[PDB]
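See below for structure20.pdb, which holds PDB, C-alpha atoms.
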```pdb
ATOM      1  CA  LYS A 219     -17.158  12.493  56.547  1.00  0.00           C
ATOM      2  CA  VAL A 220     -17.634  10.683  53.240  1.00  0.00           C
ATOM      3  CA  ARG A 221     -20.337   8.015  52.890  1.00  0.00           C
ATOM      4  CA  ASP A 222     -21.319   8.809  56.494  1.00  0.00           C
ATOM      5  CA  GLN A 223     -18.001   7.440  57.778  1.00  0.00           C
ATOM      6  CA  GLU A 224     -15.556   9.256  60.050  1.00  0.00           C
ATOM      7  CA  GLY A 225     -12.866   6.560  59.910  1.00  0.00           C
ATOM      8  CA  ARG A 226     -11.008   4.983  57.016  1.00  0.00           C
ATOM      9  CA  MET A 227     -10.005   1.555  55.694  1.00  0.00           C
ATOM     10  CA  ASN A 228      -6.742   1.143  53.783  1.00  0.00           C
ATOM     11  CA  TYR A 229      -6.651  -1.817  51.390  1.00  0.00           C
ATOM     12  CA  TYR A 230      -3.435  -3.733  50.714  1.00  0.00           C
ATOM     13  CA  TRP A 231      -2.619  -6.547  48.303  1.00  0.00           C
ATOM     14  CA  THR A 232       0.282  -8.923  47.781  1.00  0.00           C
ATOM     15  CA  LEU A 233       1.331 -11.850  45.600  1.00  0.00           C
ATOM     16  CA  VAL A 234       2.448 -15.140  47.163  1.00  0.00           C
ATOM     17  CA  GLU A 235       4.786 -17.302  45.050  1.00  0.00           C
ATOM     18  CA  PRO A 236       4.673 -21.110  44.916  1.00  0.00           C
ATOM     19  CA  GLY A 237       6.065 -22.667  48.069  1.00  0.00           C
ATOM     20  CA  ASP A 238       5.761 -19.360  49.942  1.00  0.00           C
ATOM     21  CA  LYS A 239       3.705 -18.491  53.004  1.00  0.00           C
ATOM     22  CA  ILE A 240       1.841 -15.387  54.156  1.00  0.00           C
ATOM     23  CA  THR A 241       1.623 -14.694  57.888  1.00  0.00           C
ATOM     24  CA  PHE A 242      -0.929 -12.467  59.616  1.00  0.00           C
ATOM     25  CA  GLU A 243      -0.560 -11.133  63.154  1.00  0.00           C
ATOM     26  CA  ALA A 244      -2.855  -8.650  64.837  1.00  0.00           C
ATOM     27  CA  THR A 245      -3.934  -7.259  68.175  1.00  0.00           C
ATOM     28  CA  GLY A 246      -6.700  -5.455  66.283  1.00  0.00           C
ATOM     29  CA  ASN A 247      -7.659  -3.297  63.317  1.00  0.00           C
ATOM     30  CA  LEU A 248      -7.352  -6.142  60.787  1.00  0.00           C
ATOM     31  CA  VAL A 249      -9.718  -6.957  57.927  1.00  0.00           C
ATOM     32  CA  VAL A 250      -8.681 -10.533  57.181  1.00  0.00           C
ATOM     33  CA  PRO A 251      -8.812 -12.179  53.745  1.00  0.00           C
ATOM     34  CA  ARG A 252     -11.494 -14.760  53.050  1.00  0.00           C
ATOM     35  CA  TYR A 253     -11.009 -15.443  49.329  1.00  0.00           C
ATOM     36  CA  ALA A 254      -7.682 -15.435  47.493  1.00  0.00           C
ATOM     37  CA  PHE A 255      -7.104 -15.543  43.754  1.00  0.00           C
ATOM     38  CA  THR A 256      -4.864 -18.106  42.075  1.00  0.00           C
ATOM     39  CA  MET A 257      -3.651 -16.484  38.878  1.00  0.00           C
ATOM     40  CA  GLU A 258      -1.315 -17.187  35.949  1.00  0.00           C
ATOM     41  CA  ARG A 259      -0.288 -13.879  34.412  1.00  0.00           C
ATOM     42  CA  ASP A 260      -0.292 -13.312  30.641  1.00  0.00           C
ATOM     43  CA  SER A 263      -4.329  -7.789  27.501  1.00  0.00           C
ATOM     44  CA  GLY A 264      -5.499  -4.467  28.862  1.00  0.00           C
ATOM     45  CA  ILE A 265      -8.316  -2.438  30.370  1.00  0.00           C
ATOM     46  CA  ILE A 266     -10.563  -0.503  27.983  1.00  0.00           C
ATOM     47  CA  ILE A 267     -13.121   1.994  29.267  1.00  0.00           C
ATOM     48  CA  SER A 268     -16.068   1.950  26.886  1.00  0.00           C
ATOM     49  CA  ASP A 269     -19.866   2.019  26.786  1.00  0.00           C
ATOM     50  CA  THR A 270     -19.969  -0.331  23.801  1.00  0.00           C
ATOM     51  CA  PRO A 271     -22.120  -3.470  24.211  1.00  0.00           C
ATOM     52  CA  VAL A 272     -20.458  -6.897  24.170  1.00  0.00           C
ATOM     53  CA  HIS A 273     -21.684  -9.287  21.450  1.00  0.00           C
TER      54      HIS A 273
ATOM     55  CA  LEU B   2       8.222  12.414 -16.178  1.00  0.00           C
ATOM     56  CA  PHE B   3       8.638  10.702 -19.547  1.00  0.00           C
ATOM     57  CA  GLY B   4       6.091  12.801 -21.453  1.00  0.00           C
ATOM     58  CA  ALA B   5       3.597  10.345 -22.959  1.00  0.00           C
ATOM     59  CA  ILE B   6       0.446  10.235 -20.773  1.00  0.00           C
ATOM     60  CA  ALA B   7      -0.708  13.834 -21.494  1.00  0.00           C
ATOM     61  CA  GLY B   8       2.179  14.258 -24.035  1.00  0.00           C
ATOM     62  CA  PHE B   9       2.535  13.185 -27.633  1.00  0.00           C
ATOM     63  CA  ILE B  10      -0.447  10.985 -26.718  1.00  0.00           C
ATOM     64  CA  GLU B  11      -3.084  13.507 -25.703  1.00  0.00           C
ATOM     65  CA  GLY B  12      -5.621  11.271 -23.966  1.00  0.00           C
ATOM     66  CA  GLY B  13      -6.799   7.837 -22.939  1.00  0.00           C
ATOM     67  CA  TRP B  14      -9.117   5.431 -24.704  1.00  0.00           C
ATOM     68  CA  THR B  15     -12.399   4.647 -22.964  1.00  0.00           C
ATOM     69  CA  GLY B  16     -13.093   1.985 -25.589  1.00  0.00           C
ATOM     70  CA  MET B  17     -10.112  -0.053 -24.386  1.00  0.00           C
ATOM     71  CA  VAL B  18     -11.559  -1.853 -21.373  1.00  0.00           C
ATOM     72  CA  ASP B  19      -9.305  -4.924 -21.303  1.00  0.00           C
ATOM     73  CA  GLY B  20      -5.927  -3.495 -20.310  1.00  0.00           C
ATOM     74  CA  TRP B  21      -3.845  -0.508 -19.319  1.00  0.00           C
ATOM     75  CA  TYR B  22      -1.828   0.048 -22.510  1.00  0.00           C
ATOM     76  CA  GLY B  23      -2.262  -1.238 -26.026  1.00  0.00           C
ATOM     77  CA  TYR B  24      -3.056  -0.578 -29.663  1.00  0.00           C
ATOM     78  CA  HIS B  25      -5.872   0.580 -31.919  1.00  0.00           C
ATOM     79  CA  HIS B  26      -5.612  -0.731 -35.466  1.00  0.00           C
ATOM     80  CA  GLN B  27      -7.474   0.456 -38.617  1.00  0.00           C
ATOM     81  CA  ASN B  28      -7.138  -1.622 -41.819  1.00  0.00           C
ATOM     82  CA  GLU B  29      -9.473  -2.790 -44.610  1.00  0.00           C
ATOM     83  CA  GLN B  30     -10.500  -5.753 -42.493  1.00  0.00           C
ATOM     84  CA  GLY B  31     -11.849  -3.420 -39.802  1.00  0.00           C
ATOM     85  CA  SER B  32     -10.939  -1.180 -36.871  1.00  0.00           C
ATOM     86  CA  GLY B  33     -10.406  -2.439 -33.339  1.00  0.00           C
ATOM     87  CA  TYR B  34      -8.715  -2.157 -29.960  1.00  0.00           C
ATOM     88  CA  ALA B  35      -6.314  -4.639 -28.368  1.00  0.00           C
ATOM     89  CA  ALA B  36      -4.364  -4.234 -25.140  1.00  0.00           C
ATOM     90  CA  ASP B  37      -0.709  -5.261 -25.080  1.00  0.00           C
ATOM     91  CA  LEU B  38      -0.635  -8.336 -22.843  1.00  0.00           C
ATOM     92  CA  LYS B  39       3.085  -8.503 -21.938  1.00  0.00           C
ATOM     93  CA  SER B  40       3.420  -4.906 -20.704  1.00  0.00           C
ATOM     94  CA  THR B  41       0.058  -4.946 -18.912  1.00  0.00           C
ATOM     95  CA  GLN B  42       0.850  -8.202 -17.100  1.00  0.00           C
ATOM     96  CA  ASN B  43       4.319  -6.976 -16.111  1.00  0.00           C
ATOM     97  CA  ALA B  44       2.854  -3.718 -14.814  1.00  0.00           C
ATOM     98  CA  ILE B  45       0.142  -5.536 -12.856  1.00  0.00           C
ATOM     99  CA  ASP B  46       2.700  -7.855 -11.265  1.00  0.00           C
ATOM    100  CA  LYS B  47       5.040  -5.000 -10.333  1.00  0.00           C
ATOM    101  CA  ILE B  48       2.259  -2.826  -8.886  1.00  0.00           C
ATOM    102  CA  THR B  49       0.912  -5.788  -6.916  1.00  0.00           C
ATOM    103  CA  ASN B  50       4.395  -6.326  -5.509  1.00  0.00           C
ATOM    104  CA  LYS B  51       4.548  -2.616  -4.617  1.00  0.00           C
ATOM    105  CA  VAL B  52       1.239  -2.753  -2.738  1.00  0.00           C
ATOM    106  CA  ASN B  53       2.300  -5.936  -0.948  1.00  0.00           C
ATOM    107  CA  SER B  54       5.642  -4.352  -0.035  1.00  0.00           C
ATOM    108  CA  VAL B  55       3.811  -1.397   1.506  1.00  0.00           C
ATOM    109  CA  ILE B  56       1.337  -3.603   3.381  1.00  0.00           C
ATOM    110  CA  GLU B  57       3.439  -6.535   4.637  1.00  0.00           C
ATOM    111  CA  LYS B  58       6.224  -4.245   5.871  1.00  0.00           C
ATOM    112  CA  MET B  59       4.002  -2.744   8.603  1.00  0.00           C
ATOM    113  CA  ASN B  60       3.744  -5.715  11.011  1.00  0.00           C
ATOM    114  CA  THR B  61       3.897  -5.116  14.765  1.00  0.00           C
ATOM    115  CA  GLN B  62       3.447  -7.185  17.925  1.00  0.00           C
ATOM    116  CA  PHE B  63       0.759  -7.212  20.616  1.00  0.00           C
ATOM    117  CA  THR B  64       0.890  -3.942  22.546  1.00  0.00           C
ATOM    118  CA  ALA B  65      -1.386  -2.278  25.089  1.00  0.00           C
ATOM    119  CA  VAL B  66      -1.330   1.493  24.604  1.00  0.00           C
ATOM    120  CA  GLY B  67      -3.345   2.872  27.532  1.00  0.00           C
ATOM    121  CA  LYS B  68      -1.846   3.124  31.008  1.00  0.00           C
ATOM    122  CA  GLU B  69      -3.436   4.781  34.031  1.00  0.00           C
ATOM    123  CA  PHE B  70      -1.686   6.850  36.705  1.00  0.00           C
ATOM    124  CA  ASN B  71      -2.799   8.519  39.924  1.00  0.00           C
ATOM    125  CA  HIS B  72      -2.606  12.211  40.798  1.00  0.00           C
ATOM    126  CA  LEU B  73       0.925  11.886  42.232  1.00  0.00           C
ATOM    127  CA  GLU B  74       2.312  10.612  38.895  1.00  0.00           C
ATOM    128  CA  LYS B  75       1.542  13.531  36.604  1.00  0.00           C
ATOM    129  CA  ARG B  76       5.126  13.498  35.314  1.00  0.00           C
ATOM    130  CA  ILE B  77       5.027   9.828  34.305  1.00  0.00           C
ATOM    131  CA  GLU B  78       1.605  10.403  32.741  1.00  0.00           C
ATOM    132  CA  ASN B  79       3.004  13.315  30.735  1.00  0.00           C
ATOM    133  CA  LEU B  80       5.967  11.161  29.694  1.00  0.00           C
ATOM    134  CA  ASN B  81       3.582   8.477  28.442  1.00  0.00           C
ATOM    135  CA  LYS B  82       1.543  11.100  26.592  1.00  0.00           C
ATOM    136  CA  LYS B  83       4.735  12.437  25.001  1.00  0.00           C
ATOM    137  CA  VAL B  84       5.726   8.936  23.879  1.00  0.00           C
ATOM    138  CA  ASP B  85       2.343   8.247  22.283  1.00  0.00           C
ATOM    139  CA  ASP B  86       2.122  11.677  20.633  1.00  0.00           C
ATOM    140  CA  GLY B  87       5.624  11.375  19.196  1.00  0.00           C
ATOM    141  CA  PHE B  88       4.951   7.917  17.791  1.00  0.00           C
ATOM    142  CA  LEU B  89       1.636   9.128  16.346  1.00  0.00           C
ATOM    143  CA  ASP B  90       3.220  12.137  14.658  1.00  0.00           C
ATOM    144  CA  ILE B  91       6.119  10.071  13.283  1.00  0.00           C
ATOM    145  CA  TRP B  92       3.848   7.401  11.832  1.00  0.00           C
ATOM    146  CA  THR B  93       1.475   9.950  10.301  1.00  0.00           C
ATOM    147  CA  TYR B  94       4.450  11.660   8.652  1.00  0.00           C
ATOM    148  CA  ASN B  95       5.830   8.359   7.366  1.00  0.00           C
ATOM    149  CA  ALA B  96       2.485   7.244   5.934  1.00  0.00           C
ATOM    150  CA  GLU B  97       1.736  10.536   4.191  1.00  0.00           C
ATOM    151  CA  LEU B  98       5.222  10.877   2.708  1.00  0.00           C
ATOM    152  CA  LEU B  99       5.272   7.238   1.584  1.00  0.00           C
ATOM    153  CA  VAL B 100       1.971   7.594  -0.251  1.00  0.00           C
ATOM    154  CA  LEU B 101       3.010  10.924  -1.775  1.00  0.00           C
ATOM    155  CA  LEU B 102       6.301   9.598  -3.176  1.00  0.00           C
ATOM    156  CA  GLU B 103       4.985   6.225  -4.360  1.00  0.00           C
ATOM    157  CA  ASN B 104       2.134   7.910  -6.242  1.00  0.00           C
ATOM    158  CA  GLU B 105       4.654   9.905  -8.291  1.00  0.00           C
ATOM    159  CA  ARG B 106       6.705   6.777  -8.861  1.00  0.00           C
ATOM    160  CA  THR B 107       3.658   4.831 -10.083  1.00  0.00           C
ATOM    161  CA  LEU B 108       2.565   7.582 -12.466  1.00  0.00           C
ATOM    162  CA  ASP B 109       6.087   7.937 -13.872  1.00  0.00           C
ATOM    163  CA  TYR B 110       6.242   4.150 -14.266  1.00  0.00           C
ATOM    164  CA  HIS B 111       3.070   4.169 -16.358  1.00  0.00           C
ATOM    165  CA  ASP B 112       4.449   7.014 -18.476  1.00  0.00           C
ATOM    166  CA  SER B 113       7.638   4.996 -18.981  1.00  0.00           C
ATOM    167  CA  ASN B 114       5.652   1.922 -20.024  1.00  0.00           C
ATOM    168  CA  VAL B 115       3.651   3.841 -22.627  1.00  0.00           C
ATOM    169  CA  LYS B 116       6.791   5.542 -23.956  1.00  0.00           C
ATOM    170  CA  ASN B 117       8.703   2.261 -24.154  1.00  0.00           C
ATOM    171  CA  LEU B 118       5.855   0.577 -26.036  1.00  0.00           C
ATOM    172  CA  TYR B 119       5.764   3.450 -28.535  1.00  0.00           C
ATOM    173  CA  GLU B 120       9.540   3.334 -29.039  1.00  0.00           C
ATOM    174  CA  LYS B 121       9.503  -0.451 -29.433  1.00  0.00           C
ATOM    175  CA  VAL B 122       6.876  -0.241 -32.178  1.00  0.00           C
ATOM    176  CA  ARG B 123       8.778   2.611 -33.850  1.00  0.00           C
ATOM    177  CA  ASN B 124      12.097   0.744 -33.854  1.00  0.00           C
ATOM    178  CA  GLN B 125      10.625  -2.386 -35.463  1.00  0.00           C
ATOM    179  CA  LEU B 126       8.631  -0.550 -38.104  1.00  0.00           C
ATOM    180  CA  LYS B 127      11.598   1.705 -39.073  1.00  0.00           C
ATOM    181  CA  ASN B 128      10.813   3.553 -42.351  1.00  0.00           C
ATOM    182  CA  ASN B 129       7.967   1.244 -43.392  1.00  0.00           C
ATOM    183  CA  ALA B 130       5.631   3.544 -41.434  1.00  0.00           C
ATOM    184  CA  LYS B 131       5.185   7.293 -41.054  1.00  0.00           C
ATOM    185  CA  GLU B 132       4.875   8.943 -37.638  1.00  0.00           C
ATOM    186  CA  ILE B 133       1.773  11.143 -37.695  1.00  0.00           C
ATOM    187  CA  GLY B 134       2.392  12.700 -34.293  1.00  0.00           C
ATOM    188  CA  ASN B 135      -0.386  11.639 -31.910  1.00  0.00           C
ATOM    189  CA  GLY B 136       1.312   8.332 -31.127  1.00  0.00           C
ATOM    190  CA  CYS B 137       0.100   6.882 -34.445  1.00  0.00           C
ATOM    191  CA  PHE B 138       1.922   5.167 -37.363  1.00  0.00           C
ATOM    192  CA  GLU B 139       0.505   5.107 -40.905  1.00  0.00           C
ATOM    193  CA  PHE B 140       1.808   2.219 -42.991  1.00  0.00           C
ATOM    194  CA  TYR B 141       3.320   2.731 -46.434  1.00  0.00           C
ATOM    195  CA  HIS B 142       2.354  -0.843 -47.354  1.00  0.00           C
ATOM    196  CA  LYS B 143      -1.030  -2.515 -47.072  1.00  0.00           C
ATOM    197  CA  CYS B 144      -0.786  -5.177 -44.380  1.00  0.00           C
ATOM    198  CA  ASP B 145      -3.467  -7.371 -42.853  1.00  0.00           C
ATOM    199  CA  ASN B 146      -4.238  -8.813 -39.416  1.00  0.00           C
ATOM    200  CA  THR B 147      -1.186 -11.087 -39.581  1.00  0.00           C
ATOM    201  CA  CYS B 148       0.940  -7.947 -39.966  1.00  0.00           C
ATOM    202  CA  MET B 149      -0.700  -6.244 -36.989  1.00  0.00           C
ATOM    203  CA  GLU B 150      -0.369  -9.353 -34.832  1.00  0.00           C
ATOM    204  CA  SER B 151       3.310  -9.578 -35.777  1.00  0.00           C
ATOM    205  CA  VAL B 152       3.980  -5.948 -34.881  1.00  0.00           C
ATOM    206  CA  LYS B 153       2.076  -6.374 -31.606  1.00  0.00           C
ATOM    207  CA  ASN B 154       4.029  -9.543 -30.744  1.00  0.00           C
ATOM    208  CA  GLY B 155       7.432  -8.142 -31.701  1.00  0.00           C
ATOM    209  CA  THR B 156       8.011 -10.319 -34.765  1.00  0.00           C
ATOM    210  CA  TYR B 157       7.489  -7.835 -37.593  1.00  0.00           C
ATOM    211  CA  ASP B 158       9.284  -8.742 -40.828  1.00  0.00           C
ATOM    212  CA  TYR B 159      10.887  -5.582 -42.221  1.00  0.00           C
ATOM    213  CA  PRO B 160      12.498  -7.159 -45.336  1.00  0.00           C
ATOM    214  CA  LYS B 161       9.189  -8.803 -46.269  1.00  0.00           C
ATOM    215  CA  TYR B 162       7.581  -5.398 -46.862  1.00  0.00           C
ATOM    216  CA  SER B 163      10.645  -3.199 -47.459  1.00  0.00           C
ATOM    217  CA  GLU B 164      10.418  -3.285 -51.259  1.00  0.00           C
ATOM    218  CA  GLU B 165       6.678  -2.604 -51.218  1.00  0.00           C
ATOM    219  CA  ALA B 166       7.141   0.327 -48.837  1.00  0.00           C
ATOM    220  CA  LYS B 167       9.960   1.796 -50.941  1.00  0.00           C
ATOM    221  CA  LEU B 168       7.637   2.277 -53.923  1.00  0.00           C
ATOM    222  CA  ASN B 169       5.007   4.160 -51.900  1.00  0.00           C
ATOM    223  CA  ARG B 170       7.568   6.328 -50.087  1.00  0.00           C
TER     224      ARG B 170
END
```
In structure tokens, how does this file's structure come out?
Amino acid sequence: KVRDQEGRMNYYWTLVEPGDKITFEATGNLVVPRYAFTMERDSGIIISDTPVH
Amino acid sequence: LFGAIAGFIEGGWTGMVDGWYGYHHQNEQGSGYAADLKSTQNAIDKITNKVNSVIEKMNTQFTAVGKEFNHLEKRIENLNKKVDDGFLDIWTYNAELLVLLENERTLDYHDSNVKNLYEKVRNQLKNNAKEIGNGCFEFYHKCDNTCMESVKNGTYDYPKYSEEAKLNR
């Protein structure tokens, strides 16, 4: 038990190309998407406590 | 090492604030300092080119250094750490060695400039002047500011004063 939960939830992600389709099928146990993110790639992740100015 | 800075010239001149190398003249018209313009300008240009060569030869592209890996990719994480540490060590070595060698080269260049100026003055004066030893030349003939400007420029007239110097020698 972590965070007072006995079960788990696995998170998956995918990229859909232009002109391509994503298909979902489920008899259960599905956490469906509600918001998707249109992105155009390209420059890192910095872990710091420094304020942004 | 050409043996002039800290050699037959034992020290620098704090009263010469307008150039690297030059002359100090003492005649009846008065004492004074005057830096040699040609050699100083050439040295400044060459040293500026050296600094620019060091600086504008270290251009790189946009790179992100940090990458993050989970606990099942310790080997890839160690490979990345090895890559970064090797590049760090190599670049530190290159920078330190570059500075160390170029400092010697610059100091030897300045020695060469001083020595070449002294030899140039010696070879124009010939026997019209006596070499004291500290990088100084005492004239056998009285000669005014036109004389000193000529010897500084490189247009000293040996036959003009040869007969006068022969009597005093």
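The smallest atom-to-atom distance between chain A and any of B:20, B:136, B:67, B:155, using only C-alpha atoms, is found for B:67.
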I need the chain B residues near chain A as a ChimeraX atom specification; criterion: at most 10 Å, counting all atoms listed in the file.
/B:63-69
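From atom CA of residue A:229 back to atom CA of residue A:243, the distance works out to 16.2 Å.
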Of the candidates B:59, B:126, B:38, B:133, which shows the shortest atom-to-atom distance to residue B:160, using all atoms listed in the file?
B:126
Gap from atom CA of residue B:76 to atom CA of residue B:91 - Å, one decimal
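Here the two named atoms are 22.3 Å from each other.
Applied to the shown file, the PyMOL selection byres ((chain B and resi 158) around 12) selects the residues residues 125, 126, 127, 129, 144, 147, 148, 149, 150, 151, 152, 153, 154, 155, 156, 157, 159, 160, 161, 162, 163 and 164 of chain B.
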Give as a PyMOL selection string the set of residues within 12 Å of the point (-12.3, -1.5, 55.9), where distances use the file's coordinates and all atoms listed in the file.
chain A and resi 223-230+247-251
Restrict the selected residues to C-alpha atoms and save them as a CSV table (one decimal), in the coordinates of the input.
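Result written to again.csv:
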```csv
chain,number,residue,atom,x,y,z
A,223,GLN,CA,-18.0,7.4,57.8
A,224,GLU,CA,-15.6,9.3,60.0
A,225,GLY,CA,-12.9,6.6,59.9
A,226,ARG,CA,-11.0,5.0,57.0
A,227,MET,CA,-10.0,1.6,55.7
A,228,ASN,CA,-6.7,1.1,53.8
A,229,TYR,CA,-6.7,-1.8,51.4
A,230,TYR,CA,-3.4,-3.7,50.7
A,247,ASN,CA,-7.7,-3.3,63.3
A,248,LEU,CA,-7.4,-6.1,60.8
A,249,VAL,CA,-9.7,-7.0,57.9
A,250,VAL,CA,-8.7,-10.5,57.2
A,251,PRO,CA,-8.8,-12.2,53.7
```
Separating atom CA of residue B:142 from atom CA of residue B:122, to the nearest tenth of an Å, is a gap of 15.8 Å
Box for stretch 223-239 of chain A - axis-aligned, 4 Å on each of the six sides, all listed atoms - centre and size in Å to one decimal, as AutoDock Vina command-line options.
```
--center_x -6.0 --center_y -6.7 --center_z 52.5 --size_x 32.1 --size_y 39.9 --size_z 23.1
```
Given the file shown, enumerate the residues that the PyMOL selection byres ((chain A and resi 256) around 12) captures and present them as an MDAnalysis selection string.
chainID A and resid 232:236 253:255 257:259
Find the residues near residue B:118: any atom within 9 Å, counting all atoms listed in the file, skip ones fewer than 6 places away on the same chain, and give them as a count of residues only.
4
Show which residues sit within 7 Å of stretch 102-109 of chain B, as a PyMOL selection string. Count only C-alpha atoms, and ignore same-chain residues fewer than 4 positions away.
chain B and resi 2-3+98+113
